[PDB]
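entry-v8.pdb (PDB, C-alpha atoms) appears below.
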```pdb
MODEL        1
ATOM      1  CA  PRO Y   1     145.099  88.766 126.360  1.00  0.00           C
ATOM      2  CA  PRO Y   2     145.651  90.766 129.663  1.00  0.00           C
ATOM      3  CA  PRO Y   3     142.866  93.310 128.903  1.00  0.00           C
ATOM      4  CA  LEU Y   4     140.479  90.352 128.698  1.00  0.00           C
ATOM      5  CA  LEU Y   5     141.879  89.346 132.127  1.00  0.00           C
ATOM      6  CA  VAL Y   6     140.993  92.843 133.386  1.00  0.00           C
ATOM      7  CA  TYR Y   7     137.512  92.634 131.837  1.00  0.00           C
ATOM      8  CA  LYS Y   8     136.795  89.216 133.354  1.00  0.00           C
ATOM      9  CA  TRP Y   9     138.109  90.425 136.727  1.00  0.00           C
ATOM     10  CA  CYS Y  10     135.677  93.358 136.579  1.00  0.00           C
ATOM     11  CA  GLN Y  11     132.850  90.974 135.644  1.00  0.00           C
ATOM     12  CA  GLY Y  12     133.809  88.740 138.569  1.00  0.00           C
ATOM     13  CA  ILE Y  13     133.731  91.704 140.943  1.00  0.00           C
ATOM     14  CA  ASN Y  14     130.286  92.604 139.585  1.00  0.00           C
ATOM     15  CA  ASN Y  15     128.669  89.140 139.635  1.00  0.00           C
ATOM     16  CA  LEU Y  16     129.036  88.331 143.342  1.00  0.00           C
ATOM     17  CA  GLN Y  17     126.136  87.802 145.740  1.00  0.00           C
ATOM     18  CA  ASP Y  18     125.037  91.344 146.741  1.00  0.00           C
ATOM     19  CA  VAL Y  19     128.483  92.894 146.391  1.00  0.00           C
ATOM     20  CA  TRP Y  20     127.562  96.594 146.478  1.00  0.00           C
ATOM     21  CA  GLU Y  21     125.034  96.480 149.328  1.00  0.00           C
ATOM     22  CA  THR Y  22     126.356  98.406 152.341  1.00  0.00           C
ATOM     23  CA  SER Y  23     123.135  98.913 154.322  1.00  0.00           C
ATOM     24  CA  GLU Y  24     124.452  96.833 157.252  1.00  0.00           C
ATOM     25  CA  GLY Y  25     128.080  97.978 157.321  1.00  0.00           C
ATOM     26  CA  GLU Y  26     129.719  95.491 154.958  1.00  0.00           C
ATOM     27  CA  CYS Y  27     133.045  96.228 153.266  1.00  0.00           C
ATOM     28  CA  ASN Y  28     134.899  95.335 150.072  1.00  0.00           C
ATOM     29  CA  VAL Y  29     138.691  95.165 150.142  1.00  0.00           C
ATOM     30  CA  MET Y  30     140.945  95.167 147.068  1.00  0.00           C
ATOM     31  CA  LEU Y  31     144.551  94.199 147.812  1.00  0.00           C
ATOM     32  CA  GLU Y  32     147.228  94.403 145.131  1.00  0.00           C
ATOM     33  CA  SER Y  33     150.864  93.652 145.866  1.00  0.00           C
ATOM     34  CA  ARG Y  34     154.138  92.270 144.545  1.00  0.00           C
ATOM     35  CA  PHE Y  35     156.374  89.535 145.937  1.00  0.00           C
ATOM     36  CA  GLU Y  36     159.619  91.418 146.572  1.00  0.00           C
ATOM     37  CA  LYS Y  37     162.800  89.680 145.344  1.00  0.00           C
ATOM     38  CA  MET Y  38     160.983  86.557 144.204  1.00  0.00           C
ATOM     39  CA  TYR Y  39     163.692  85.752 141.648  1.00  0.00           C
ATOM     40  CA  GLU Y  40     166.726  86.218 143.911  1.00  0.00           C
ATOM     41  CA  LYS Y  41     165.495  84.492 147.089  1.00  0.00           C
ATOM     42  CA  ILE Y  42     164.884  80.966 145.762  1.00  0.00           C
ATOM     43  CA  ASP Y  43     167.183  78.489 147.501  1.00  0.00           C
ATOM     44  CA  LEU Y  44     168.216  75.781 145.057  1.00  0.00           C
ATOM     45  CA  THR Y  45     168.161  72.831 147.478  1.00  0.00           C
ATOM     46  CA  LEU Y  46     164.627  73.697 148.614  1.00  0.00           C
ATOM     47  CA  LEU Y  47     163.726  74.096 144.930  1.00  0.00           C
ATOM     48  CA  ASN Y  48     165.064  70.598 144.202  1.00  0.00           C
ATOM     49  CA  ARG Y  49     163.152  69.072 147.127  1.00  0.00           C
ATOM     50  CA  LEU Y  50     159.920  70.747 145.988  1.00  0.00           C
ATOM     51  CA  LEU Y  51     160.627  69.849 142.359  1.00  0.00           C
ATOM     52  CA  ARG Y  52     161.165  66.116 142.936  1.00  0.00           C
ATOM     53  CA  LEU Y  53     157.439  65.679 143.690  1.00  0.00           C
ATOM     54  CA  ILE Y  54     156.251  66.445 140.154  1.00  0.00           C
ATOM     55  CA  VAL Y  55     158.922  65.110 137.742  1.00  0.00           C
ATOM     56  CA  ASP Y  56     161.584  62.436 137.502  1.00  0.00           C
ATOM     57  CA  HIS Y  57     164.511  62.995 139.846  1.00  0.00           C
ATOM     58  CA  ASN Y  58     167.135  63.222 137.084  1.00  0.00           C
ATOM     59  CA  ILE Y  59     165.026  65.989 135.523  1.00  0.00           C
ATOM     60  CA  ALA Y  60     164.972  67.875 138.838  1.00  0.00           C
ATOM     61  CA  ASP Y  61     168.725  67.368 139.219  1.00  0.00           C
ATOM     62  CA  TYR Y  62     169.239  68.778 135.714  1.00  0.00           C
ATOM     63  CA  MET Y  63     167.014  71.766 136.501  1.00  0.00           C
ATOM     64  CA  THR Y  64     168.916  72.444 139.727  1.00  0.00           C
ATOM     65  CA  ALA Y  65     172.331  71.787 138.146  1.00  0.00           C
ATOM     66  CA  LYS Y  66     171.954  74.454 135.452  1.00  0.00           C
ATOM     67  CA  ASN Y  67     171.399  77.152 138.093  1.00  0.00           C
ATOM     68  CA  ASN Y  68     174.794  76.481 139.726  1.00  0.00           C
ATOM     69  CA  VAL Y  69     177.138  77.866 137.070  1.00  0.00           C
ATOM     70  CA  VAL Y  70     179.641  80.706 136.739  1.00  0.00           C
ATOM     71  CA  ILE Y  71     178.426  84.078 135.432  1.00  0.00           C
ATOM     72  CA  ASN Y  72     180.974  86.145 133.480  1.00  0.00           C
ATOM     73  CA  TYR Y  73     181.187  89.780 132.422  1.00  0.00           C
ATOM     74  CA  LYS Y  74     184.346  90.439 130.378  1.00  0.00           C
ATOM     75  CA  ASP Y  75     186.746  90.370 133.362  1.00  0.00           C
ATOM     76  CA  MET Y  76     184.541  89.208 136.232  1.00  0.00           C
ATOM     77  CA  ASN Y  77     183.678  85.607 137.129  1.00  0.00           C
ATOM     78  CA  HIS Y  78     181.442  84.555 139.993  1.00  0.00           C
ATOM     79  CA  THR Y  79     179.528  81.367 140.756  1.00  0.00           C
ATOM     80  CA  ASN Y  80     175.784  81.309 141.392  1.00  0.00           C
ATOM     81  CA  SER Y  81     174.415  79.522 144.450  1.00  0.00           C
ATOM     82  CA  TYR Y  82     171.400  81.554 145.662  1.00  0.00           C
ATOM     83  CA  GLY Y  83     168.516  82.551 143.425  1.00  0.00           C
ATOM     84  CA  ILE Y  84     167.587  81.113 140.056  1.00  0.00           C
ATOM     85  CA  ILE Y  85     169.006  82.009 136.655  1.00  0.00           C
ATOM     86  CA  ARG Y  86     165.942  83.778 135.262  1.00  0.00           C
ATOM     87  CA  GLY Y  87     167.090  83.816 131.629  1.00  0.00           C
ATOM     88  CA  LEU Y  88     166.934  80.064 131.109  1.00  0.00           C
ATOM     89  CA  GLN Y  89     164.516  78.317 128.787  1.00  0.00           C
ATOM     90  CA  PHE Y  90     162.707  76.166 131.379  1.00  0.00           C
ATOM     91  CA  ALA Y  91     162.830  78.924 134.049  1.00  0.00           C
ATOM     92  CA  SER Y  92     159.320  79.978 132.974  1.00  0.00           C
ATOM     93  CA  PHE Y  93     158.164  76.764 134.642  1.00  0.00           C
ATOM     94  CA  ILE Y  94     160.187  77.336 137.834  1.00  0.00           C
ATOM     95  CA  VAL Y  95     158.632  80.712 138.676  1.00  0.00           C
ATOM     96  CA  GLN Y  96     155.122  79.422 138.013  1.00  0.00           C
ATOM     97  CA  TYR Y  97     155.450  76.316 140.185  1.00  0.00           C
ATOM     98  CA  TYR Y  98     157.293  77.941 143.110  1.00  0.00           C
ATOM     99  CA  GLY Y  99     154.748  80.760 143.198  1.00  0.00           C
ATOM    100  CA  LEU Y 100     152.083  78.051 143.407  1.00  0.00           C
ATOM    101  CA  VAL Y 101     153.687  77.200 146.759  1.00  0.00           C
ATOM    102  CA  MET Y 102     152.937  80.796 147.751  1.00  0.00           C
ATOM    103  CA  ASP Y 103     149.231  80.248 147.049  1.00  0.00           C
ATOM    104  CA  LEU Y 104     149.115  77.479 149.636  1.00  0.00           C
ATOM    105  CA  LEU Y 105     150.589  79.931 152.148  1.00  0.00           C
ATOM    106  CA  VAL Y 106     148.374  82.930 151.361  1.00  0.00           C
ATOM    107  CA  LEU Y 107     145.038  81.479 150.262  1.00  0.00           C
ATOM    108  CA  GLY Y 108     145.019  78.444 152.572  1.00  0.00           C
ATOM    109  CA  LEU Y 109     144.350  74.814 151.665  1.00  0.00           C
ATOM    110  CA  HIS Y 110     140.606  74.840 152.369  1.00  0.00           C
ATOM    111  CA  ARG Y 111     139.864  77.956 150.332  1.00  0.00           C
TER
ATOM    112  CA  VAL Z   1     168.265  60.020 143.136  1.00  0.00           C
ATOM    113  CA  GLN Z   2     171.476  60.458 145.204  1.00  0.00           C
ATOM    114  CA  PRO Z   3     170.719  64.044 146.425  1.00  0.00           C
ATOM    115  CA  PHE Z   4     172.322  67.060 144.823  1.00  0.00           C
ATOM    116  CA  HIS Z   5     174.718  68.620 147.401  1.00  0.00           C
ATOM    117  CA  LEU Z   6     175.724  71.807 145.493  1.00  0.00           C
ATOM    118  CA  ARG Z   7     179.222  72.334 144.082  1.00  0.00           C
ATOM    119  CA  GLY Z   8     180.479  75.156 146.146  1.00  0.00           C
ATOM    120  CA  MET Z   9     179.925  74.518 149.838  1.00  0.00           C
ATOM    121  CA  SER Z  10     182.465  74.873 152.653  1.00  0.00           C
ATOM    122  CA  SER Z  11     182.621  72.715 155.795  1.00  0.00           C
ATOM    123  CA  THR Z  12     180.187  74.442 158.164  1.00  0.00           C
ATOM    124  CA  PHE Z  13     177.869  75.392 155.300  1.00  0.00           C
ATOM    125  CA  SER Z  14     177.699  71.703 154.343  1.00  0.00           C
ATOM    126  CA  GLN Z  15     176.994  70.893 157.998  1.00  0.00           C
ATOM    127  CA  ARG Z  16     174.131  73.406 158.153  1.00  0.00           C
ATOM    128  CA  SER Z  17     172.755  72.182 154.809  1.00  0.00           C
ATOM    129  CA  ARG Z  18     172.831  68.545 155.954  1.00  0.00           C
ATOM    130  CA  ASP Z  19     171.198  69.593 159.223  1.00  0.00           C
ATOM    131  CA  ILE Z  20     168.267  71.621 157.910  1.00  0.00           C
ATOM    132  CA  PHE Z  21     167.710  69.926 154.539  1.00  0.00           C
ATOM    133  CA  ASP Z  22     167.580  66.290 155.694  1.00  0.00           C
TER
ATOM    134  CA  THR Q   1     177.009  96.810 135.152  1.00  0.00           C
ATOM    135  CA  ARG Q   2     180.332  96.465 136.978  1.00  0.00           C
ATOM    136  CA  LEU Q   3     178.810  97.936 140.158  1.00  0.00           C
ATOM    137  CA  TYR Q   4     175.887  95.487 140.075  1.00  0.00           C
ATOM    138  CA  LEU Q   5     178.329  92.639 139.438  1.00  0.00           C
ATOM    139  CA  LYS Q   6     180.368  93.710 142.477  1.00  0.00           C
ATOM    140  CA  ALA Q   7     177.146  93.777 144.502  1.00  0.00           C
ATOM    141  CA  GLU Q   8     176.055  90.325 143.293  1.00  0.00           C
ATOM    142  CA  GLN Q   9     179.483  88.762 143.906  1.00  0.00           C
ATOM    143  CA  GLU Q  10     179.357  90.246 147.408  1.00  0.00           C
ATOM    144  CA  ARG Q  11     175.858  88.993 148.256  1.00  0.00           C
ATOM    145  CA  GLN Q  12     176.563  85.468 146.973  1.00  0.00           C
ATOM    146  CA  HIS Q  13     179.660  85.260 149.180  1.00  0.00           C
ATOM    147  CA  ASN Q  14     177.547  86.630 152.040  1.00  0.00           C
ATOM    148  CA  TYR Q  15     175.075  83.784 151.484  1.00  0.00           C
ATOM    149  CA  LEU Q  16     177.952  81.292 151.446  1.00  0.00           C
ATOM    150  CA  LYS Q  17     179.310  82.824 154.674  1.00  0.00           C
ATOM    151  CA  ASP Q  18     176.162  83.302 156.779  1.00  0.00           C
ATOM    152  CA  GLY Q  19     174.645  79.922 155.914  1.00  0.00           C
ATOM    153  CA  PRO Q  20     171.114  79.298 154.668  1.00  0.00           C
ATOM    154  CA  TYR Q  21     168.695  82.047 155.647  1.00  0.00           C
ATOM    155  CA  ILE Q  22     165.761  79.600 155.830  1.00  0.00           C
ATOM    156  CA  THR Q  23     165.030  77.557 158.948  1.00  0.00           C
ATOM    157  CA  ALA Q  24     164.285  73.841 158.893  1.00  0.00           C
ATOM    158  CA  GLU Q  25     160.787  74.148 160.383  1.00  0.00           C
ATOM    159  CA  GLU Q  26     159.493  76.496 157.675  1.00  0.00           C
ATOM    160  CA  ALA Q  27     160.952  74.149 155.048  1.00  0.00           C
ATOM    161  CA  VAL Q  28     159.165  71.176 156.641  1.00  0.00           C
ATOM    162  CA  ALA Q  29     155.979  73.281 156.743  1.00  0.00           C
ATOM    163  CA  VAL Q  30     156.048  74.206 153.046  1.00  0.00           C
ATOM    164  CA  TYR Q  31     157.162  70.680 152.078  1.00  0.00           C
ATOM    165  CA  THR Q  32     154.307  68.979 153.936  1.00  0.00           C
ATOM    166  CA  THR Q  33     151.943  71.659 152.597  1.00  0.00           C
ATOM    167  CA  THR Q  34     152.951  70.814 149.018  1.00  0.00           C
ATOM    168  CA  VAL Q  35     152.649  67.088 149.843  1.00  0.00           C
ATOM    169  CA  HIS Q  36     149.111  67.557 151.203  1.00  0.00           C
ATOM    170  CA  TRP Q  37     148.087  69.661 148.195  1.00  0.00           C
ATOM    171  CA  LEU Q  38     149.453  67.257 145.578  1.00  0.00           C
ATOM    172  CA  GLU Q  39     147.959  64.262 147.396  1.00  0.00           C
ATOM    173  CA  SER Q  40     144.655  66.133 147.603  1.00  0.00           C
ATOM    174  CA  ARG Q  41     144.571  66.505 143.808  1.00  0.00           C
ATOM    175  CA  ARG Q  42     145.962  63.028 142.868  1.00  0.00           C
ATOM    176  CA  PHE Q  43     148.740  64.480 140.734  1.00  0.00           C
ATOM    177  CA  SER Q  44     150.646  61.882 138.721  1.00  0.00           C
ATOM    178  CA  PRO Q  45     154.319  62.849 138.261  1.00  0.00           C
ATOM    179  CA  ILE Q  46     155.788  63.749 134.871  1.00  0.00           C
ATOM    180  CA  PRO Q  47     157.725  60.733 133.540  1.00  0.00           C
ATOM    181  CA  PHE Q  48     161.023  60.773 131.670  1.00  0.00           C
ATOM    182  CA  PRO Q  49     160.490  60.228 127.902  1.00  0.00           C
ATOM    183  CA  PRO Q  50     161.844  56.666 127.576  1.00  0.00           C
ATOM    184  CA  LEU Q  51     162.847  55.962 123.965  1.00  0.00           C
ATOM    185  CA  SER Q  52     160.030  57.174 121.687  1.00  0.00           C
ATOM    186  CA  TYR Q  53     157.221  59.327 123.076  1.00  0.00           C
ATOM    187  CA  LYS Q  54     155.942  59.836 119.467  1.00  0.00           C
ATOM    188  CA  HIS Q  55     155.630  63.578 120.100  1.00  0.00           C
TER
ENDMDL
END
```
So, in terms of structure tokens, how does the structure I just supplied come out?
Amino acid sequence: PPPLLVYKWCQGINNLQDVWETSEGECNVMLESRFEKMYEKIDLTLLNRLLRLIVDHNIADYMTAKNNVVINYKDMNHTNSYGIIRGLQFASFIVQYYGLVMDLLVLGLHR
Amino acid sequence: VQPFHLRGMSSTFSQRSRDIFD
Amino acid sequence: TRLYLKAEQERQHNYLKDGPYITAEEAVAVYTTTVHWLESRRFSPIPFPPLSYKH
């Protein structure tokens, strides 16, 4: 559960090699942030190209093909072409894989 | 196989997609 | 709801008009980055379930 995540994060902050020693001018930095518009700024063609590495290509074509459909509200019809449909079943995979691509950009490959 | 090429696209948008995504 | 629908229908047509907002070089960068990461871990791709996966 997420409070156990918080508890293990606090234990990981505690158990580093000499983490609270500041006799020689060391510093600790805690960044917390949010990826703004992560759900709306996923291009579907780039998503298909990144998705064909891990599954069969018909599966990736089915996952990309569901996102390109018409959304309706009672009088209003418009097609979707940019950003994923977040309310799908399998969309819980799509956010977790694409955000993995962010970890290769932030954290670096070596680290 | 046989890449997706979204339903939608106009002429120049297809040209830009074929340029940057191939 | 109607105002957000009018905003979404406008921004999707703006994406269709202005072209893709991503460049090709950044796409090649993230694609080769994903290729190097998945080849560094020896990831085997997920197969299609043929006739009887027994799960």
Within 9 Å of chain Z, which residues of chain Q are there when counting all atoms listed in the file? Please give them as a VMD selection string. chain Q and resid 16 to 20 22 to 25 27 to 28
Report the residues retrieved by the PyMOL selection byres ((chain Q and resi 44-48) around 12) from the displayed file, expressed as a ChimeraX atom specification. /Y:51-60 /Q:38-43,49-53
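The gap separating atom CA of residue 63 of chain Y from atom CA of residue 90 of chain Y is 8.0 Å, in Å to one decimal.
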Which residues match the PyMOL selection byres ((chain Y) within 12 of (chain Q)) in the file above, as a PyMOL selection string? chain Y and resi 40-60+68+70-83+97-106+108-111
Could you check how far atom CA of residue 17 of chain Y sits from atom CA of residue 29 of chain Y, in Å to one decimal?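 Separating atom CA of residue 17 of chain Y from atom CA of residue 29 of chain Y is a distance of 15.2 Å.
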Where atoms are lacking, segment 1-27 of chain Q completed to N, CA and C atoms, as a PDB file, in the frame of the given file:
```pdb
ATOM      1  N   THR Q   1     176.919  98.259 135.295  1.00  0.00           N
ATOM      2  CA  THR Q   1     177.009  96.810 135.152  1.00  0.00           C
ATOM      3  C   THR Q   1     178.089  96.244 136.064  1.00  0.00           C
ATOM      4  N   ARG Q   2     179.258  96.892 136.085  1.00  0.00           N
ATOM      5  CA  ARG Q   2     180.332  96.465 136.978  1.00  0.00           C
ATOM      6  C   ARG Q   2     179.962  96.654 138.445  1.00  0.00           C
ATOM      7  N   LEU Q   3     179.238  97.733 138.772  1.00  0.00           N
ATOM      8  CA  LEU Q   3     178.810  97.936 140.158  1.00  0.00           C
ATOM      9  C   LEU Q   3     177.797  96.883 140.601  1.00  0.00           C
ATOM     10  N   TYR Q   4     176.856  96.521 139.725  1.00  0.00           N
ATOM     11  CA  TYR Q   4     175.887  95.487 140.075  1.00  0.00           C
ATOM     12  C   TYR Q   4     176.551  94.118 140.157  1.00  0.00           C
ATOM     13  N   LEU Q   5     177.581  93.888 139.339  1.00  0.00           N
ATOM     14  CA  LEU Q   5     178.329  92.639 139.438  1.00  0.00           C
ATOM     15  C   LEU Q   5     179.118  92.563 140.741  1.00  0.00           C
ATOM     16  N   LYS Q   6     179.675  93.692 141.191  1.00  0.00           N
ATOM     17  CA  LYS Q   6     180.368  93.710 142.477  1.00  0.00           C
ATOM     18  C   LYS Q   6     179.394  93.531 143.635  1.00  0.00           C
ATOM     19  N   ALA Q   7     178.157  94.007 143.475  1.00  0.00           N
ATOM     20  CA  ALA Q   7     177.146  93.777 144.502  1.00  0.00           C
ATOM     21  C   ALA Q   7     176.686  92.321 144.530  1.00  0.00           C
ATOM     22  N   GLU Q   8     176.528  91.705 143.355  1.00  0.00           N
ATOM     23  CA  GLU Q   8     176.055  90.325 143.293  1.00  0.00           C
ATOM     24  C   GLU Q   8     177.120  89.350 143.785  1.00  0.00           C
ATOM     25  N   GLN Q   9     178.385  89.591 143.419  1.00  0.00           N
ATOM     26  CA  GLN Q   9     179.483  88.762 143.906  1.00  0.00           C
ATOM     27  C   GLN Q   9     179.657  88.903 145.413  1.00  0.00           C
ATOM     28  N   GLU Q  10     179.307  90.066 145.964  1.00  0.00           N
ATOM     29  CA  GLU Q  10     179.357  90.246 147.408  1.00  0.00           C
ATOM     30  C   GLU Q  10     178.214  89.517 148.106  1.00  0.00           C
ATOM     31  N   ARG Q  11     176.995  89.596 147.562  1.00  0.00           N
ATOM     32  CA  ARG Q  11     175.858  88.993 148.256  1.00  0.00           C
ATOM     33  C   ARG Q  11     175.863  87.468 148.141  1.00  0.00           C
ATOM     34  N   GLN Q  12     176.437  86.923 147.061  1.00  0.00           N
ATOM     35  CA  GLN Q  12     176.563  85.468 146.973  1.00  0.00           C
ATOM     36  C   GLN Q  12     177.585  84.937 147.974  1.00  0.00           C
ATOM     37  N   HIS Q  13     178.691  85.660 148.165  1.00  0.00           N
ATOM     38  CA  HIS Q  13     179.660  85.260 149.180  1.00  0.00           C
ATOM     39  C   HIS Q  13     179.100  85.464 150.583  1.00  0.00           C
ATOM     40  N   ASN Q  14     178.215  86.451 150.754  1.00  0.00           N
ATOM     41  CA  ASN Q  14     177.547  86.630 152.040  1.00  0.00           C
ATOM     42  C   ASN Q  14     176.583  85.486 152.333  1.00  0.00           C
ATOM     43  N   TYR Q  15     175.913  84.968 151.299  1.00  0.00           N
ATOM     44  CA  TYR Q  15     175.075  83.784 151.484  1.00  0.00           C
ATOM     45  C   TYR Q  15     175.917  82.555 151.802  1.00  0.00           C
ATOM     46  N   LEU Q  16     177.076  82.424 151.150  1.00  0.00           N
ATOM     47  CA  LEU Q  16     177.952  81.292 151.446  1.00  0.00           C
ATOM     48  C   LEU Q  16     178.572  81.398 152.835  1.00  0.00           C
ATOM     49  N   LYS Q  17     178.715  82.613 153.360  1.00  0.00           N
ATOM     50  CA  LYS Q  17     179.310  82.824 154.674  1.00  0.00           C
ATOM     51  C   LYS Q  17     178.301  82.663 155.809  1.00  0.00           C
ATOM     52  N   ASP Q  18     177.131  83.289 155.690  1.00  0.00           N
ATOM     53  CA  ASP Q  18     176.162  83.302 156.779  1.00  0.00           C
ATOM     54  C   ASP Q  18     175.311  82.042 156.854  1.00  0.00           C
ATOM     55  N   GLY Q  19     175.458  81.112 155.919  1.00  0.00           N
ATOM     56  CA  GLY Q  19     174.645  79.922 155.914  1.00  0.00           C
ATOM     57  C   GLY Q  19     173.317  80.139 155.222  1.00  0.00           C
ATOM     58  N   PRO Q  20     172.453  79.128 155.242  1.00  0.00           N
ATOM     59  CA  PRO Q  20     171.114  79.298 154.668  1.00  0.00           C
ATOM     60  C   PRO Q  20     170.259  80.197 155.547  1.00  0.00           C
ATOM     61  N   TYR Q  21     169.538  81.118 154.910  1.00  0.00           N
ATOM     62  CA  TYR Q  21     168.695  82.047 155.647  1.00  0.00           C
ATOM     63  C   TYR Q  21     167.332  81.466 155.993  1.00  0.00           C
ATOM     64  N   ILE Q  22     167.027  80.257 155.537  1.00  0.00           N
ATOM     65  CA  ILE Q  22     165.761  79.600 155.830  1.00  0.00           C
ATOM     66  C   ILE Q  22     165.979  78.627 156.985  1.00  0.00           C
ATOM     67  N   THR Q  23     164.992  78.533 157.874  1.00  0.00           N
ATOM     68  CA  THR Q  23     165.030  77.557 158.948  1.00  0.00           C
ATOM     69  C   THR Q  23     164.504  76.211 158.458  1.00  0.00           C
ATOM     70  N   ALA Q  24     164.731  75.177 159.270  1.00  0.00           N
ATOM     71  CA  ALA Q  24     164.285  73.841 158.893  1.00  0.00           C
ATOM     72  C   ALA Q  24     162.783  73.679 159.067  1.00  0.00           C
ATOM     73  N   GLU Q  25     162.199  74.348 160.065  1.00  0.00           N
ATOM     74  CA  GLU Q  25     160.787  74.148 160.383  1.00  0.00           C
ATOM     75  C   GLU Q  25     159.884  74.737 159.308  1.00  0.00           C
ATOM     76  N   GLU Q  26     160.254  75.900 158.768  1.00  0.00           N
ATOM     77  CA  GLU Q  26     159.493  76.496 157.675  1.00  0.00           C
ATOM     78  C   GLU Q  26     159.601  75.655 156.409  1.00  0.00           C
ATOM     79  N   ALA Q  27     160.765  75.034 156.194  1.00  0.00           N
ATOM     80  CA  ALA Q  27     160.952  74.149 155.048  1.00  0.00           C
ATOM     81  C   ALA Q  27     160.099  72.895 155.179  1.00  0.00           C
TER      82      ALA Q  27
END
```
